[PDB]
Amino acid sequence: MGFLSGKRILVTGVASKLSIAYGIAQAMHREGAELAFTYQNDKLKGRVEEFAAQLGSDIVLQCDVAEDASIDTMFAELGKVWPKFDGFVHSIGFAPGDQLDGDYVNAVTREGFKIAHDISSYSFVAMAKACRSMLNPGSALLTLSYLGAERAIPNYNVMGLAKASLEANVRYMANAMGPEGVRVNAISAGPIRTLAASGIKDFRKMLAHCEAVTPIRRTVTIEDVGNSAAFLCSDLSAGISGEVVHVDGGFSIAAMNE
Amino acid sequence: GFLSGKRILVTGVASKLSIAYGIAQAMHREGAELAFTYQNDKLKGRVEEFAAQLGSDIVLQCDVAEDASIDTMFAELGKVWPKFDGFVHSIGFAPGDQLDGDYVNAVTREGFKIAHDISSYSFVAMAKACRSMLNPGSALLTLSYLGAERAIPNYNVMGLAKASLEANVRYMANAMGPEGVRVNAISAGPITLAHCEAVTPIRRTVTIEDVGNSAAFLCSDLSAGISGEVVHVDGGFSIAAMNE
Ligand SMILES: NC(=O)c1ccc[n+]([C@@H]2O[C@H](COP(=O)([O-])OP(=O)(O)OC[C@H]3O[C@@H](n4cnc5c(N)ncnc54)[C@H](O)[C@@H]3O)[C@@H](O)[C@H]2O)c1
Ligand SMILES: NC(=O)c1ccc[n+]([C@@H]2O[C@H](COP(=O)([O-])OP(=O)(O)OC[C@H]3O[C@@H](n4cnc5c(N)ncnc54)[C@H](O)[C@@H]3O)[C@@H](O)[C@H]2O)c1
Ligand SMILES: Cc1c(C2CN(C(=O)/C=C/c3cnc4[nH]c(=O)ccc4c3)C2)oc2ccccc12
Ligand SMILES: Cc1c(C2CN(C(=O)/C=C/c3cnc4[nH]c(=O)ccc4c3)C2)oc2ccccc12
């Protein structure tokens, strides 16, 4: 048996085969995890349904985290099979295309601010509220974050005015939920390129440097991420709640090279 | 007067107890030329009254909720300070509702939006609206708390906005640096507003004067080498643990 044997985990944000959350799933299922899957809208149903086919899970349900009701009804349907389950993965994030443009001050708008903080940050706790009662004792939550949340990176702009908002969200959550036997963590992924660079400019060159400058001299993979995520979602990490773990190959710990 | 020859806009004065009041008090003390904002017909009275005390009387109606109010105040200010050297962001809100008991239970969609909207977005928003009036060696400032960095019971969604705000500060500095603008936050300790003393290194809380003279400094050219920085004016409470 692999660990997270015995566990039921819901995994959000699975757009593709190179979708990171595809990695989180892989690692988990590879370790005998029974999963469940949400898709955003009818456009992604497909499709993700098939990926869940691959990973041996029936459960396939719409969930547009913009709407409290959609999250409610999602979980309600999920309860039909999983009266209880053991945590979910939050690999959701968005900010209107225009938002991640050039100069931050220029580009950022109240609405772009609103959406980015709603979808990449609030949504995570939104889900936690709706399924709080459905969490077994010893279940864990995870969400995915970036170094933007910690530092100013061009054309990331409002994204971590969000990821920072989301980074604290982790903490307060982990704080409110421990008493009842729940751990909230987050992985600071390096890059790692998936459907997200669909608003990120300058990307082709962006990876090489920072590959020559990462302590390990390669970018981390959806496997590398999937792998720390599965551990952070398994009982092996029983003593880790409220921590923002970096999986960037050590990128954020170097400086001035070369 | 190490702040002399400078024109700074202070927001968020509402009482003698206000942080912004000590900031202004401290700022005039160092010969700064000051301007103020009110947010209510309520507040207009007191703010105007303190204006006279501090020798200035640029006093304008500004509610950071409305992108429109914002630009009109800046427009009105440009008439008297066509250009100036920065502003203090002593604002924060959560319709709370929110800062009572369990975090997850308390928090709501709207509540998350409103906190973030006023406590964090406002700060950049103003910055857009006066980009153009900012003289080189300008300084923006905002008042934060430790709840950004650590989960304080009952601070709840505010923590997340300050987190977002401090993020915001780092970005703003980075965007505005090529034009001589510095941005910083004071992570102030406990003291309008809304027993660390035993655990605090200096064995007392910071005071409006403490925070005052730091703002002053951060907004003067004496703090020339500091930008995008969250200075903990909390008496070293940030950095200690388990003091019996
Ligand atoms: N290098 C990277 O790509 C990188 C690095 C660090 C963190 N992250 C984070 O990891 C997560 C996954 O992004 P990714 O780029 O790896 O894969 P991705 O870009 O395919 O993930 C995007 C997901 O956003 C979701 N989404 C957007 N709006 C939604 C809504 N209203 N309702 C429901 N779902 C919605 C979709 O379900 C989609 O699967 C994001 O939170 C992202 O910020 C990515
Ligand atoms: N004293 C403390 O408890 C403490 C400690 C650390 C940090 N802070 C921070 O300092 C800042 C100021 O708080 P304070 O303690 O000085 O008193 P306060 O919170 O009463 O003053 C805040 C001011 O915000 C203004 N305001 C509210 N909504 C507004 C809007 N929509 N548009 C424009 N202005 C608006 C009001 O005029 C008010 O005087 C806040 O950002 C707070 O988070 C306060
Ligand atoms: C790597 C890397 C990233 C990672 C982190 N991931 C994201 O947060 C993506 C966010 C995002 C946010 N909003 C978006 N909106 C869109 O319309 C299309 C794609 C889109 C992506 C991609 O962001 C960077 C910004 C600057 C430089 C490098 C990176
Ligand atoms: C409080 C509060 C705020 C802002 C002002 N900020 C603060 O000054 C916060 C101070 C604070 C916040 N949390 C704290 N937590 C503690 O446990 C003990 C000290 C402590 C102090 C939060 O905006 C509001 C809007 C409506 C209603 C209440 C508030």
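Worth a mention:
- Extreme residue, nearest to the other protein chains (Cβ to nearest Cβ), among residues of the range B:137-148 that are under 29 Å from A:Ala126 (Cα atoms) and not in a strand (DSSP E or B): B:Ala148
- Pairing each residue of the range B:149-163 that is within 8 Å of chain A (Cβ to nearest Cβ) and farther than 18 Å from B:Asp97 by Cβ with any residue that is within 16 Å of ligand 3 (Cβ to nearest atom) and not in a loop (DSSP other than H, G, I, E, B), provided the two are 6+ apart or on different chains, yields C-beta distances under 6 Å for B:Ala163/A:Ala164; B:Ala163/A:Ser165.
- If the condition is being over 24 Å from A:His29 (Cβ atoms) and of a type outside the set (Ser, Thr, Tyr), then the range A:46-70 contributes A:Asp64, A:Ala66, A:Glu67, A:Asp68, A:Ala69.
- Close contacts from the range B:173-189, counting a first residue that is within 17 Å of A:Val158 (Cα to Cα) and a second that is assigned to a strand (DSSP E or B) and of a type in the set (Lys, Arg), with Cβ to Cβ under 9 Å and a gap of 6+ residues or different chains, come to B:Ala173/B:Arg182; B:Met176/B:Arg182.
- Scan of the range B:210-244 for residues that are loosely packed, with under 13 Cβ neighbours inside 10 Å and either under 13 Å from B:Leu140 (Cα atoms) or under 17 Å from the mean Cα position of the chain (by Cα) (or both), ordered by number: B:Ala224
- Residue match in the range B:178-192 (condition: at the interface with chain A (Cβ under 8 Å from one of its Cβ atoms) and surrounded by 19 or more Cβ atoms within 10 Å (Cβ to Cβ)): no
- On inspection, B:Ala167 does not qualify as of a type in the set (A, V, I, L, M, F, W, C), away from ligand 1 (no atom under 16 Å from the Cβ) and surrounded by 15 or more Cβ atoms within 10 Å (Cβ to Cβ).
- Of all the listed residues (A:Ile192, A:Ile216, A:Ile187), the sole one being under 15 Å from A:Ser91 (Cβ atoms), more than 16 Å from ligand 4 (Cβ to nearest atom) and in a loop (DSSP other than H, G, I, E, B) is A:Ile192.
- If the condition is being in a strand (DSSP E or B) and within 15 Å of B:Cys130 (Cβ to Cβ), then the range B:47-68 contributes only B:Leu60.
- Residue pairs whose Cβ atoms lie under 7 Å apart, sitting 6 or more positions apart in sequence or on different chains, and linking a residue in the range A:93-106 that is of a type in the set (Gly, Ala, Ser) to a partner that is near ligand 3 (Cβ under 6 Å from one of its atoms), are A:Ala95/A:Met159; A:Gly97/A:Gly199; A:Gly102/A:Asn155.
- Scanning the range B:182-209 for residues that are among the hydrophobic types (A, V, I, L, M, F, W, C), more than 14 Å from the chain's Cα centre (by Cα) and more than 14 Å from B:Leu17 (Cβ to Cβ) yields B:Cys196, B:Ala198, B:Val199, B:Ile202.
- Filter result (surrounded by fewer than 15 Cβ atoms within 10 Å (Cβ to Cβ), assigned to a helix (DSSP H, G or I) and charged (D, E, K, R)) within the range A:4-46: A:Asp42, A:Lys43, A:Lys45
- The set of residues in the range B:150-173 being within 12 Å of ligand 2 (Cβ to nearest atom) and of a type in the set (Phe, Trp, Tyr) consists of B:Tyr155 alone.
- Selection status of B:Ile226, in a loop (DSSP other than H, G, I, E, B), β-branched (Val, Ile, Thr) and closer than 30 Å to A:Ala116 by Cα: yes
- Every condition in (1) more than 16 Å from ligand 3 (Cβ to nearest atom); (2) more than 25 Å from A:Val184 (Cβ to Cβ) is met by A:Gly102 except one, and the failing one is (1).
- Residues of the range A:137-147 that are surrounded by fewer than 23 Cβ atoms within 10 Å (Cβ to Cβ) and under 17 Å from the mean Cα position of the chain (by Cα): A:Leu147 alone.
- Enumeration of residues in the range B:108-134 that are hydrophobic (A, V, I, L, M, F, W, C), in contact with a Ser or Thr (Cβ under 8 Å, 6 or more places away or on another chain) and more than 15 Å from B:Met172 (Cα to Cα): B:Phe112
- B:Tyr171 being more than 21 Å from B:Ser238 (Cα to Cα), within 20 Å of the chain's Cα centre (by Cα), within 16 Å of ligand 3 (Cβ to nearest atom) and not in a loop (DSSP other than H, G, I, E, B): yes
- For the range B:76-126, the set of residues classified as near ligand 4 (Cβ under 10 Å from one of its atoms) and small (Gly, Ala, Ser) consists of B:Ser90, B:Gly92, B:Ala94, B:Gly96, B:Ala115, B:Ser119, listed by residue number.
Positions of Cβ are backbone-derived with ideal geometry, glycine not excepted, and every protein chain shown enters the neighbour counts. Bear in mind that the values in this text are calculations on the coordinates, not laboratory data.
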